[PDB]
>>> print(open('input18.txt').read())   # compact mmCIF, C-alpha atoms
# COMPACT_ATOMS: atom_id res chain seq x y z
CA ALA A 1 99.58 214.41 166.83
CA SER A 2 101.37 216.11 169.75
CA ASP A 3 105.12 216.09 170.41
CA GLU A 4 107.07 215.53 173.66
CA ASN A 5 109.10 218.43 175.15
CA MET A 6 112.75 217.63 175.46
CA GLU A 7 114.71 219.27 178.33
CA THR A 8 112.82 220.35 181.38
CA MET A 9 112.44 223.98 182.61
CA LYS B 3 93.08 238.48 185.19
CA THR B 4 89.40 239.69 185.78
CA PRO B 5 86.46 237.72 184.26
CA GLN B 6 84.27 239.16 181.45
CA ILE B 7 80.69 237.75 181.30
CA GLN B 8 77.92 237.74 178.65
CA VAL B 9 74.44 236.31 179.52
CA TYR B 10 72.53 235.55 176.31
CA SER B 11 69.99 233.07 174.84
CA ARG B 12 71.08 230.67 172.03
CA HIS B 13 68.19 231.72 169.66
CA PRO B 14 66.08 234.97 169.44
CA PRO B 15 63.84 235.10 172.52
CA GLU B 16 60.20 234.12 172.10
CA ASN B 17 58.14 233.87 175.36
CA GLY B 18 57.09 230.23 175.99
CA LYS B 19 59.27 228.99 173.08
CA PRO B 20 61.93 226.54 174.54
CA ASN B 21 65.54 227.83 174.33
CA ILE B 22 69.05 227.47 175.86
CA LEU B 23 70.57 230.25 178.05
CA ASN B 24 74.32 230.77 177.75
CA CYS B 25 76.81 232.29 180.25
CA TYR B 26 80.06 233.07 178.45
CA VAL B 27 82.93 233.66 180.96
CA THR B 28 86.32 234.82 179.54
CA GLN B 29 89.61 236.63 180.22
CA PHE B 30 90.24 234.90 183.57
CA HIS B 31 93.33 233.57 185.32
CA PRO B 32 93.80 231.24 187.22
CA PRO B 33 91.41 228.57 185.78
CA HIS B 34 89.63 227.96 189.13
CA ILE B 35 86.23 229.70 188.82
CA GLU B 36 82.72 229.10 190.19
CA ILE B 37 79.77 229.72 187.85
CA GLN B 38 76.11 229.62 188.91
CA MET B 39 73.01 230.26 186.74
CA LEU B 40 69.92 231.61 188.48
CA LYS B 41 66.11 231.74 187.77
CA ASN B 42 64.44 234.47 189.89
CA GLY B 43 67.50 234.71 192.19
CA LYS B 44 67.55 230.90 192.71
CA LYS B 45 70.34 228.45 191.64
CA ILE B 46 69.27 226.47 188.53
CA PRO B 47 70.07 222.70 188.87
CA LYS B 48 71.20 220.79 185.69
CA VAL B 49 73.73 223.37 184.33
CA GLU B 50 76.11 222.12 181.65
CA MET B 51 79.79 223.29 181.63
CA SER B 52 82.21 223.36 178.71
CA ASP B 53 85.62 221.77 179.14
CA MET B 54 88.42 224.08 180.31
CA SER B 55 89.97 225.81 177.28
CA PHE B 56 92.42 228.80 177.06
CA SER B 57 93.14 231.61 174.49
CA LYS B 58 96.16 233.05 172.60
CA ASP B 59 96.54 235.65 175.48
CA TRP B 60 96.79 232.63 177.93
CA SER B 61 93.48 233.55 179.65
CA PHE B 62 90.81 230.87 180.26
CA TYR B 63 87.24 230.56 179.05
CA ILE B 64 84.18 228.43 179.84
CA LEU B 65 80.57 228.33 178.58
CA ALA B 66 77.83 227.37 180.95
CA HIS B 67 74.36 226.78 179.58
CA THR B 68 70.94 225.68 180.76
CA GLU B 69 67.69 224.71 178.96
CA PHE B 70 65.09 227.39 179.75
CA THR B 71 61.74 228.62 178.32
CA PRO B 72 61.59 232.49 178.25
CA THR B 73 58.65 234.34 179.93
CA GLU B 74 57.78 237.96 180.96
CA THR B 75 58.10 237.35 184.77
CA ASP B 76 61.06 234.86 185.03
CA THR B 77 64.37 236.80 185.37
CA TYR B 78 67.67 235.06 184.69
CA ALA B 79 71.13 235.98 185.96
CA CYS B 80 74.61 234.60 186.19
CA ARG B 81 76.81 234.66 189.29
CA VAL B 82 80.56 234.27 189.04
CA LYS B 83 83.05 233.83 191.95
CA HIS B 84 86.75 234.33 190.94
CA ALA B 85 89.93 234.79 192.99
CA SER B 86 90.64 238.09 191.12
CA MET B 87 87.35 239.69 192.32
CA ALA B 88 86.52 240.74 195.91
CA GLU B 89 82.80 240.03 195.62
CA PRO B 90 80.95 237.74 193.12
CA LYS B 91 79.78 239.34 189.82
CA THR B 92 76.15 239.03 188.68
CA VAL B 93 75.00 239.68 185.10
CA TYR B 94 71.27 239.68 184.48
CA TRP B 95 69.83 238.48 181.14
CA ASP B 96 68.38 241.21 178.85
CA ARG B 97 66.51 239.73 175.83
CA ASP B 98 67.28 242.98 173.83
CA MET B 99 71.11 242.38 174.22
CA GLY C 1 92.93 229.59 152.92
CA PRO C 2 95.48 229.31 155.82
CA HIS C 3 95.49 226.15 157.96
CA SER C 4 96.85 225.44 161.42
CA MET C 5 97.34 222.80 164.10
CA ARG C 6 97.93 223.85 167.72
CA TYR C 7 98.28 221.99 171.03
CA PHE C 8 97.13 223.97 174.08
CA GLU C 9 98.82 222.19 177.11
CA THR C 10 98.20 223.31 180.76
CA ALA C 11 99.52 222.01 184.11
CA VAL C 12 97.87 223.29 187.32
CA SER C 13 99.77 222.34 190.48
CA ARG C 14 97.45 221.11 193.35
CA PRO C 15 98.82 221.78 196.91
CA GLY C 16 99.32 218.63 199.07
CA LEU C 17 99.78 216.20 196.04
CA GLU C 18 102.88 215.27 193.89
CA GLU C 19 101.03 215.12 190.57
CA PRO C 20 99.65 218.29 188.87
CA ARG C 21 96.46 218.18 186.79
CA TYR C 22 97.49 218.13 183.10
CA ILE C 23 95.15 219.07 180.20
CA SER C 24 96.18 218.89 176.51
CA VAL C 25 93.78 220.23 173.84
CA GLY C 26 94.47 219.83 170.12
CA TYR C 27 92.95 222.19 167.51
CA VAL C 28 92.86 221.84 163.72
CA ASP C 29 91.80 225.11 161.97
CA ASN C 30 90.92 226.75 165.39
CA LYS C 31 88.50 223.91 166.16
CA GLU C 32 89.00 221.35 169.03
CA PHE C 33 89.74 217.93 167.48
CA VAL C 34 91.44 215.99 170.40
CA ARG C 35 91.64 216.41 174.23
CA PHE C 36 93.32 214.86 177.35
CA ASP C 37 92.41 215.50 181.03
CA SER C 38 94.13 213.72 183.98
CA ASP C 39 91.05 214.36 186.24
CA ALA C 40 88.77 212.10 184.14
CA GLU C 41 87.69 208.56 185.20
CA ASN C 42 90.14 206.50 183.02
CA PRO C 43 92.32 209.34 181.51
CA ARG C 44 93.28 209.19 177.78
CA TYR C 45 93.34 211.23 174.47
CA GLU C 46 89.69 211.47 173.27
CA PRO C 47 88.21 212.52 169.81
CA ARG C 48 86.48 215.92 169.76
CA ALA C 49 85.53 216.06 166.03
CA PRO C 50 83.44 213.23 164.38
CA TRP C 51 86.09 212.78 161.62
CA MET C 52 88.44 211.82 164.49
CA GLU C 53 86.65 208.47 164.89
CA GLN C 54 88.35 207.30 161.60
CA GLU C 55 91.53 206.63 163.72
CA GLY C 56 92.80 203.28 164.98
CA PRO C 57 92.68 202.57 168.76
CA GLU C 58 96.52 202.23 168.46
CA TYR C 59 96.83 205.94 167.42
CA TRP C 60 95.16 206.86 170.72
CA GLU C 61 97.62 204.57 172.53
CA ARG C 62 100.65 206.26 170.90
CA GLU C 63 99.20 209.73 171.86
CA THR C 64 98.14 208.74 175.45
CA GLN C 65 101.72 207.67 176.20
CA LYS C 66 102.92 211.13 175.06
CA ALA C 67 100.44 212.79 177.57
CA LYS C 68 101.94 210.58 180.32
CA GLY C 69 105.49 211.86 179.65
CA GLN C 70 104.24 215.48 179.42
CA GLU C 71 102.63 215.11 182.90
CA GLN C 72 106.19 214.48 184.17
CA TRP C 73 107.70 217.23 182.04
CA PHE C 74 105.23 219.69 183.65
CA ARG C 75 105.56 218.37 187.25
CA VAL C 76 109.37 218.87 187.12
CA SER C 77 109.03 222.19 185.20
CA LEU C 78 106.54 223.46 187.88
CA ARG C 79 108.91 222.49 190.75
CA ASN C 80 111.83 224.39 189.24
CA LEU C 81 110.00 227.70 188.56
CA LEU C 82 108.64 227.49 192.18
CA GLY C 83 112.31 227.66 193.09
CA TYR C 84 113.30 230.31 190.44
CA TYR C 85 110.49 232.65 191.65
CA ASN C 86 110.91 231.70 195.41
CA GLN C 87 107.29 230.45 195.73
CA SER C 88 105.38 228.02 198.02
CA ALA C 89 103.65 224.78 196.95
CA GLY C 90 100.94 225.68 199.52
CA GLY C 91 99.30 227.37 196.56
CA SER C 92 98.43 226.32 193.03
CA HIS C 93 100.61 227.33 190.05
CA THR C 94 100.07 227.43 186.25
CA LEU C 95 102.40 226.37 183.44
CA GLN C 96 100.93 226.70 179.90
CA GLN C 97 102.24 225.76 176.44
CA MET C 98 101.09 226.57 172.87
CA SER C 99 102.79 224.73 170.04
CA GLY C 100 102.04 223.88 166.43
CA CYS C 101 102.32 225.21 162.85
CA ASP C 102 100.63 227.40 160.22
CA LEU C 103 100.13 226.48 156.51
CA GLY C 104 99.40 228.46 153.34
CA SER C 105 96.45 227.90 150.90
CA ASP C 106 98.88 225.46 149.06
CA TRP C 107 99.35 223.46 152.35
CA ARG C 108 103.00 224.63 152.55
CA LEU C 109 104.75 225.59 155.87
CA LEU C 110 104.45 229.29 156.80
CA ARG C 111 105.68 229.18 160.44
CA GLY C 112 106.41 227.01 163.50
CA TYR C 113 105.09 228.03 166.91
CA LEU C 114 106.20 227.20 170.53
CA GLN C 115 105.41 229.49 173.49
CA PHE C 116 105.37 229.05 177.30
CA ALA C 117 103.59 231.05 180.09
CA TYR C 118 103.95 230.90 183.90
CA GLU C 119 101.07 232.22 186.00
CA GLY C 120 99.43 233.24 182.70
CA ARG C 121 102.23 235.71 181.71
CA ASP C 122 104.87 235.00 179.03
CA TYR C 123 107.89 232.98 180.25
CA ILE C 124 109.77 231.74 177.13
CA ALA C 125 109.12 231.81 173.39
CA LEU C 126 110.89 230.23 170.43
CA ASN C 127 111.57 233.00 167.94
CA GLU C 128 110.10 232.59 164.40
CA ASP C 129 113.69 231.68 163.26
CA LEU C 130 113.21 228.34 165.21
CA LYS C 131 116.84 228.81 166.38
CA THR C 132 116.86 231.60 169.14
CA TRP C 133 114.82 231.93 172.44
CA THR C 134 113.18 234.99 174.06
CA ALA C 135 113.16 235.08 177.90
CA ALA C 136 110.42 237.31 179.45
CA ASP C 137 112.26 238.27 182.71
CA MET C 138 115.45 237.41 184.69
CA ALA C 139 114.22 233.91 185.81
CA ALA C 140 113.44 232.79 182.23
CA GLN C 141 117.27 233.13 181.68
CA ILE C 142 117.95 230.08 183.83
CA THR C 143 115.73 228.28 181.24
CA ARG C 144 116.98 230.17 178.09
CA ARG C 145 120.61 229.38 179.02
CA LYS C 146 119.70 225.79 180.04
CA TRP C 147 118.02 225.27 176.56
CA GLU C 148 120.95 226.65 174.59
CA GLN C 149 123.54 224.31 176.28
CA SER C 150 121.20 221.33 175.62
CA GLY C 151 120.18 222.49 172.06
CA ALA C 152 116.42 222.09 172.74
CA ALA C 153 115.40 224.36 169.81
CA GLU C 154 116.83 221.82 167.24
CA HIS C 155 114.53 219.07 168.63
CA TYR C 156 111.44 221.41 168.15
CA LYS C 157 112.41 222.91 164.73
CA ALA C 158 112.66 219.29 163.51
CA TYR C 159 109.02 218.41 164.60
CA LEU C 160 107.43 221.81 163.85
CA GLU C 161 108.75 221.72 160.24
CA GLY C 162 108.40 217.94 159.80
CA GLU C 163 105.85 215.79 161.69
CA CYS C 164 103.51 218.71 162.59
CA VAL C 165 103.15 219.57 158.88
CA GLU C 166 102.59 215.83 157.99
CA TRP C 167 99.90 215.17 160.55
CA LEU C 168 97.81 218.29 159.63
CA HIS C 169 97.86 217.30 155.90
CA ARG C 170 96.26 213.99 157.13
CA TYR C 171 93.74 215.79 159.42
CA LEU C 172 92.80 218.31 156.68
CA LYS C 173 92.26 215.32 154.32
CA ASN C 174 90.20 213.14 156.76
CA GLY C 175 88.01 216.13 157.86
CA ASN C 176 87.88 218.46 154.75
CA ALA C 177 84.05 218.51 154.35
CA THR C 178 83.73 219.70 158.01
CA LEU C 179 86.88 221.94 157.87
CA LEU C 180 86.09 223.77 154.53
CA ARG C 181 82.49 224.39 155.75
CA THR C 182 81.28 227.92 156.57
CA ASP C 183 77.99 229.22 157.99
CA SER C 184 76.39 232.39 156.79
CA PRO C 185 75.31 235.00 159.34
CA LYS C 186 71.54 235.70 159.52
CA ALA C 187 71.05 239.44 160.16
CA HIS C 188 68.17 241.73 161.35
CA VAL C 189 67.83 245.15 163.01
CA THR C 190 65.98 245.64 166.33
CA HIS C 191 64.39 248.97 167.34
CA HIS C 192 64.82 250.33 170.87
CA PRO C 193 62.90 253.54 171.70
CA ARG C 194 64.46 255.73 174.40
CA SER C 195 64.51 259.17 176.13
CA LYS C 196 65.53 262.67 174.77
CA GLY C 197 63.90 261.90 171.36
CA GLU C 198 66.59 259.23 170.68
CA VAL C 199 66.59 255.51 169.59
CA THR C 200 69.02 252.49 169.66
CA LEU C 201 69.37 250.59 166.35
CA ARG C 202 70.91 247.16 167.05
CA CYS C 203 71.92 245.11 164.01
CA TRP C 204 72.33 241.37 164.94
CA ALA C 205 74.25 238.60 163.11
CA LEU C 206 73.49 235.00 164.11
CA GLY C 207 74.54 231.37 163.58
CA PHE C 208 77.72 231.92 161.61
CA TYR C 209 81.04 230.05 161.25
CA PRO C 210 84.09 230.89 161.37
CA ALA C 211 84.03 233.52 164.24
CA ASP C 212 85.48 236.39 162.15
CA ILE C 213 82.82 238.89 161.10
CA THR C 214 82.72 242.62 160.44
CA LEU C 215 79.58 244.62 161.31
CA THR C 216 79.58 248.31 160.36
CA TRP C 217 76.87 251.05 160.58
CA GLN C 218 76.66 253.82 157.91
CA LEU C 219 74.90 257.26 157.62
CA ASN C 220 74.03 257.48 153.84
CA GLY C 221 77.29 255.79 152.68
CA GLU C 222 79.48 257.40 155.42
CA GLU C 223 80.80 255.14 158.26
CA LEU C 224 80.09 255.66 162.01
CA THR C 225 83.53 254.59 163.47
CA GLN C 226 82.76 256.71 166.64
CA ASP C 227 80.01 256.04 169.24
CA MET C 228 79.04 252.64 167.76
CA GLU C 229 78.55 250.10 170.59
CA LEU C 230 79.65 246.50 169.97
CA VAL C 231 79.70 243.11 171.78
CA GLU C 232 82.47 240.47 171.84
CA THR C 233 81.88 237.51 169.45
CA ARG C 234 80.04 235.00 171.59
CA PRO C 235 79.41 231.30 170.94
CA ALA C 236 75.76 230.23 170.43
CA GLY C 237 76.63 226.73 171.70
CA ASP C 238 75.62 224.92 168.45
CA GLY C 239 79.17 225.43 167.04
CA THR C 240 78.19 228.81 165.52
CA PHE C 241 78.65 232.46 166.67
CA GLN C 242 76.66 235.62 167.45
CA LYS C 243 77.65 239.34 167.52
CA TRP C 244 75.67 242.62 167.30
CA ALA C 245 76.32 246.34 166.69
CA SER C 246 74.24 249.24 168.05
CA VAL C 247 74.24 253.07 167.38
CA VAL C 248 72.15 255.81 169.10
CA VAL C 249 70.21 257.47 166.29
CA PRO C 250 67.48 260.20 166.43
CA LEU C 251 63.81 259.22 165.69
CA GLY C 252 62.33 259.14 162.12
CA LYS C 253 65.90 259.28 160.69
CA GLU C 254 65.80 255.38 160.78
CA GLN C 255 66.22 254.93 156.97
CA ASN C 256 69.39 257.19 156.84
CA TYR C 257 71.38 254.55 158.78
CA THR C 258 72.44 251.35 156.92
CA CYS C 259 74.00 248.18 158.26
CA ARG C 260 76.65 246.03 156.55
CA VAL C 261 77.81 242.52 157.48
CA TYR C 262 80.98 240.92 156.00
CA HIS C 263 81.95 237.23 156.32
CA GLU C 264 83.88 234.55 154.30
CA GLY C 265 80.71 232.42 153.98
CA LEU C 266 78.51 234.95 152.25
CA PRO C 267 77.22 235.07 148.61
CA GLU C 268 77.97 238.85 149.06
CA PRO C 269 78.24 241.47 151.87
CA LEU C 270 74.85 241.83 153.63
CA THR C 271 73.22 245.24 153.47
CA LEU C 272 70.13 245.93 155.60
CA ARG C 273 67.89 248.47 157.39
CA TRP C 274 65.09 248.56 160.02
CA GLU C 275 62.02 246.64 158.44
>>> encode(input="input18.txt", output="structure tokens")
Amino acid sequence: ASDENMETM
Amino acid sequence: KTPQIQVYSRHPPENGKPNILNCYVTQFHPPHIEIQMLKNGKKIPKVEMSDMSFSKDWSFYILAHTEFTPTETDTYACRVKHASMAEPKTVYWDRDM
Amino acid sequence: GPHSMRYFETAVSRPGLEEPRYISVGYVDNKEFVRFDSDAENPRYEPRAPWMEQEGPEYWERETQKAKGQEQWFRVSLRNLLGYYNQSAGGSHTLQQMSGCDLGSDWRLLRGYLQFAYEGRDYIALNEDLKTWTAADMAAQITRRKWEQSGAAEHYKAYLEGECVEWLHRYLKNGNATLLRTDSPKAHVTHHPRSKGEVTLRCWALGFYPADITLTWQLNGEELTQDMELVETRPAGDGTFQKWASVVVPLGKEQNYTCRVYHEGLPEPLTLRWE
């Protein structure tokens, strides 16, 4: 089960 | 990143004995590539393509295969067109390799 | 042995469109188990291993939502690097991610893993410490500095050491028969007569799993490190691998040269000769 990246690049 | 190709049968080649021919394309970037399998210099219809996957070194790979029955006369090759190459690469099948 | 879960996420920007194509591929023990592709007719997270069917249609819903948020993480992340590297959207661009964890034989956490690549070259990596960041060039500093002010590492360390570990314990349980399975290589030597009173002795190894194998050629117990031609481990297409090793050896001297094959799934190292 994948995660979600927090702050963008 | 420049594509590396292997053209090889799934099982040991036996003339007349039905097989699968594989075209393993690796070490390429970007993912847009164009793979064609040929029988006696002519584009084989009904070619299966693996879903786009990538490696630890970030480079992409794909496996194209076609059902084929080996014979002494019928030559098989694989033509690849990638953005990193000037002209398309062709790798001819050699049963001994 | 060691166990791992990885998520191989890719966003390719398409010129003359606001949404990039986003592909997420999940691997358990270096074997595709789940996938997502925005290009597909009705896009969602799909099972790639048969033991993945033993999952409720509400797990797939939870996951599919995650892919939808990632699509937007990537789209915004692509736009910004285009600016950092003074590029044009007239051309396609590639943002790649690799994240997951590694586990010992005892199913305990060894390391966390989170790496990013732009145009297929490293961009930013989370150091094994799960605290500090490594920027590849000057532009990756806009992102390293951005991620220190916002404390992004903390968010990841939490998942990589917590939920990632949890989920793999579940996947390694639900798929164990399939995951602990190995396939033994099936070797043979082929004879290739050639010019100058020379011959090629090609020792093959077929239908084996996992991909790691060691093929060595030996002259009466002594190894031929030098001038021994190889081939990259290639997939057969049936979920198993192939690889071969050749050596140019003079004629008649066939029985002096021995071939050894090593692999996890073997009742012992293979030893073999021509005929």
>>> residues_around(input="input18.txt", residues="residue 5 (chain A)", least_positions_apart="3", cutoff="9 Å", atoms="only C-alpha atoms", output="list in words")
residues 8 of chain A; 69, 70, 73, 152, 155 and 156 of chain C
>>> closest_atom_pairs(input="input18.txt", of="region 32-119 of chain C", to="region 1-4 of chain A", cutoff="12 Å", atoms="all atoms listed in the file", output="JSON lines")
{"residue": "C:33", "atom": "CA", "partner": "A:1", "partner_atom": "CA", "distance": 10.5}
{"residue": "C:34", "atom": "CA", "partner": "A:1", "partner_atom": "CA", "distance": 9.0}
{"residue": "C:35", "atom": "CA", "partner": "A:2", "partner_atom": "CA", "distance": 10.7}
{"residue": "C:36", "atom": "CA", "partner": "A:2", "partner_atom": "CA", "distance": 11.1}
{"residue": "C:45", "atom": "CA", "partner": "A:1", "partner_atom": "CA", "distance": 10.4}
{"residue": "C:47", "atom": "CA", "partner": "A:1", "partner_atom": "CA", "distance": 11.9}
{"residue": "C:52", "atom": "CA", "partner": "A:1", "partner_atom": "CA", "distance": 11.7}
{"residue": "C:55", "atom": "CA", "partner": "A:1", "partner_atom": "CA", "distance": 11.6}
{"residue": "C:59", "atom": "CA", "partner": "A:1", "partner_atom": "CA", "distance": 8.9}
{"residue": "C:60", "atom": "CA", "partner": "A:1", "partner_atom": "CA", "distance": 9.6}
{"residue": "C:61", "atom": "CA", "partner": "A:1", "partner_atom": "CA", "distance": 11.5}
{"residue": "C:62", "atom": "CA", "partner": "A:1", "partner_atom": "CA", "distance": 9.2}
{"residue": "C:63", "atom": "CA", "partner": "A:1", "partner_atom": "CA", "distance": 6.9}
{"residue": "C:64", "atom": "CA", "partner": "A:2", "partner_atom": "CA", "distance": 9.9}
{"residue": "C:65", "atom": "CA", "partner": "A:4", "partner_atom": "CA", "distance": 9.8}
{"residue": "C:66", "atom": "CA", "partner": "A:4", "partner_atom": "CA", "distance": 6.2}
{"residue": "C:67", "atom": "CA", "partner": "A:4", "partner_atom": "CA", "distance": 8.2}
{"residue": "C:68", "atom": "CA", "partner": "A:4", "partner_atom": "CA", "distance": 9.8}
{"residue": "C:69", "atom": "CA", "partner": "A:4", "partner_atom": "CA", "distance": 7.2}
{"residue": "C:70", "atom": "CA", "partner": "A:4", "partner_atom": "CA", "distance": 6.4}
{"residue": "C:71", "atom": "CA", "partner": "A:4", "partner_atom": "CA", "distance": 10.3}
{"residue": "C:72", "atom": "CA", "partner": "A:4", "partner_atom": "CA", "distance": 10.6}
{"residue": "C:73", "atom": "CA", "partner": "A:4", "partner_atom": "CA", "distance": 8.6}
{"residue": "C:74", "atom": "CA", "partner": "A:4", "partner_atom": "CA", "distance": 11.0}
{"residue": "C:97", "atom": "CA", "partner": "A:4", "partner_atom": "CA", "distance": 11.6}
{"residue": "C:98", "atom": "CA", "partner": "A:2", "partner_atom": "CA", "distance": 10.9}
{"residue": "C:99", "atom": "CA", "partner": "A:2", "partner_atom": "CA", "distance": 8.7}
{"residue": "C:100", "atom": "CA", "partner": "A:2", "partner_atom": "CA", "distance": 8.5}
{"residue": "C:101", "atom": "CA", "partner": "A:2", "partner_atom": "CA", "distance": 11.5}
{"residue": "C:114", "atom": "CA", "partner": "A:3", "partner_atom": "CA", "distance": 11.2}
>>> residues_around(input="input18.txt", residues="residue 246 (chain C)", least_positions_apart="6", cutoff="8 Å", atoms="only C-alpha atoms", output="PyMOL selection string")
chain C and resi 200-203+228-230
>>> closest_atom_pairs(input="input18.txt", of="region 86-163 of chain C", to="region 27-32 of chain B", cutoff="9 Å", atoms="only C-alpha atoms", output="Markdown table")
| residue | atom | partner | partner_atom | distance |
| --- | --- | --- | --- | --- |
| C:92 | CA | B:32 | CA | 8.9 |
| C:93 | CA | B:32 | CA | 8.3 |
| C:94 | CA | B:32 | CA | 7.4 |
| C:119 | CA | B:32 | CA | 7.4 |
| C:120 | CA | B:31 | CA | 6.6 |
>>> residues_near_point(input="input18.txt", point="(71.2, 236.7, 177.6)", cutoff="10 Å", atoms="all atoms listed in the file", output="PDB file with C-alpha atoms, in the coordinates of the input")
ATOM      1  CA  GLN B   8      77.920 237.740 178.650  1.00  0.00           C
ATOM      2  CA  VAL B   9      74.440 236.310 179.520  1.00  0.00           C
ATOM      3  CA  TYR B  10      72.530 235.550 176.310  1.00  0.00           C
ATOM      4  CA  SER B  11      69.990 233.070 174.840  1.00  0.00           C
ATOM      5  CA  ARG B  12      71.080 230.670 172.030  1.00  0.00           C
ATOM      6  CA  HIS B  13      68.190 231.720 169.660  1.00  0.00           C
ATOM      7  CA  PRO B  14      66.080 234.970 169.440  1.00  0.00           C
ATOM      8  CA  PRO B  15      63.840 235.100 172.520  1.00  0.00           C
ATOM      9  CA  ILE B  22      69.050 227.470 175.860  1.00  0.00           C
ATOM     10  CA  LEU B  23      70.570 230.250 178.050  1.00  0.00           C
ATOM     11  CA  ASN B  24      74.320 230.770 177.750  1.00  0.00           C
ATOM     12  CA  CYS B  25      76.810 232.290 180.250  1.00  0.00           C
ATOM     13  CA  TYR B  26      80.060 233.070 178.450  1.00  0.00           C
ATOM     14  CA  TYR B  78      67.670 235.060 184.690  1.00  0.00           C
ATOM     15  CA  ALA B  79      71.130 235.980 185.960  1.00  0.00           C
ATOM     16  CA  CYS B  80      74.610 234.600 186.190  1.00  0.00           C
ATOM     17  CA  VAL B  93      75.000 239.680 185.100  1.00  0.00           C
ATOM     18  CA  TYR B  94      71.270 239.680 184.480  1.00  0.00           C
ATOM     19  CA  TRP B  95      69.830 238.480 181.140  1.00  0.00           C
ATOM     20  CA  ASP B  96      68.380 241.210 178.850  1.00  0.00           C
ATOM     21  CA  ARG B  97      66.510 239.730 175.830  1.00  0.00           C
ATOM     22  CA  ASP B  98      67.280 242.980 173.830  1.00  0.00           C
ATOM     23  CA  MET B  99      71.110 242.380 174.220  1.00  0.00           C
TER      24      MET B  99
END
>>> closest_residue(input="input18.txt", among="C:142, C:15, C:116, C:40", to="residue 89 (chain C)", atoms="only C-alpha atoms")
C:15
>>> atom_distance(input="input18.txt", atom1="CA of residue 50 (chain B)", atom2="CA of residue 37 (chain B)")
10.5 Å
>>> atom_distance(input="input18.txt", atom1="CA of residue 257 (chain C)", atom2="CA of residue 245 (chain C)")
12.4 Å
>>> closest_residue(input="input18.txt", among="B:75, B:82, B:33, B:43", to="residue 55 (chain B)", atoms="only C-alpha atoms")
B:33
>>> interface_residues(input="input18.txt", of="chain C", to="chain B", cutoff="8 Å", atoms="only C-alpha atoms", output="mmCIF file with C-alpha atoms, keeping the file's coordinate frame")
data_model
loop_
_atom_site.group_PDB
_atom_site.id
_atom_site.type_symbol
_atom_site.label_atom_id
_atom_site.label_comp_id
_atom_site.auth_asym_id
_atom_site.auth_seq_id
_atom_site.Cartn_x
_atom_site.Cartn_y
_atom_site.Cartn_z
ATOM 1 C CA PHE C 8 97.130 223.970 174.080
ATOM 2 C CA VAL C 25 93.780 220.230 173.840
ATOM 3 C CA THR C 94 100.070 227.430 186.250
ATOM 4 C CA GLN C 96 100.930 226.700 179.900
ATOM 5 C CA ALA C 117 103.590 231.050 180.090
ATOM 6 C CA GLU C 119 101.070 232.220 186.000
ATOM 7 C CA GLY C 120 99.430 233.240 182.700
ATOM 8 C CA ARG C 121 102.230 235.710 181.710
ATOM 9 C CA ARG C 234 80.040 235.000 171.590
ATOM 10 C CA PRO C 235 79.410 231.300 170.940
ATOM 11 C CA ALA C 236 75.760 230.230 170.430
ATOM 12 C CA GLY C 237 76.630 226.730 171.700
#
>>> atom_distance(input="input18.txt", atom1="CA of residue 19 (chain C)", atom2="CA of residue 83 (chain C)")
17.1 Å
>>> residues_around(input="input18.txt", residues="residue 9 (chain A)", least_positions_apart="6", cutoff="7 Å", atoms="all atoms listed in the file", output="VMD selection string")
chain C and resid 77 80 143
>>> axis_aligned_box(input="input18.txt", around="region 32-37 of chain B", padding_each_side="6 Å", output="lines of an AutoDock Vina configuration file")
center_x = 86.8
center_y = 229.6
center_z = 188.0
size_x = 26.0
size_y = 15.3
size_z = 16.4
